[PDB]
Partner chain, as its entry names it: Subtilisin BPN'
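Below you'll find only one chain, the form solved without the partner chain, shown as structure tokens.
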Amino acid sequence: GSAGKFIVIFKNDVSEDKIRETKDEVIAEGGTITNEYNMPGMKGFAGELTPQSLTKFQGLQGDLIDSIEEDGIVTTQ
């Protein structure tokens, strides 16, 4: 149902529980998770998102999301 899959990342400040939270927030909210990124210095994840969830961590960005890459609202590939 989502608008597709997305890939967001969190700065190197965000907390651990926070990560699981934000992600969980999407799980409960709407978006889902299919994969995650537990790299050294890189804390991100990949899964299903939408335009709604975006605005969520889209505005608060900078102090939460380091990089956001939407692949749902692409159309015409």
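Numbering follows the first chain given and starts at 1.
We do not show the form solved in complex with the partner chain, though everything after this point is about it.
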item	value
4.5 Å heavy atom contact, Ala28 to the partner chain in the entry with it bound	no
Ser67, heavy atom within 4.5 angstroms of the partner chain in the entry with it bound	yes
The partner chain contact in the entry with it bound: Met42, any heavy atom under 4.5 Å	yes
Exercise: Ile9 in contact with the partner chain in the entry with it bound, heavy atom 4.5 Å	yes
Stretch 33-63: residues contacting the partner chain in the entry with it bound, 4.5 Å heavy atom cut-off	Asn35, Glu36, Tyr37, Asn38, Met39, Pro40, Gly41, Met42, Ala46
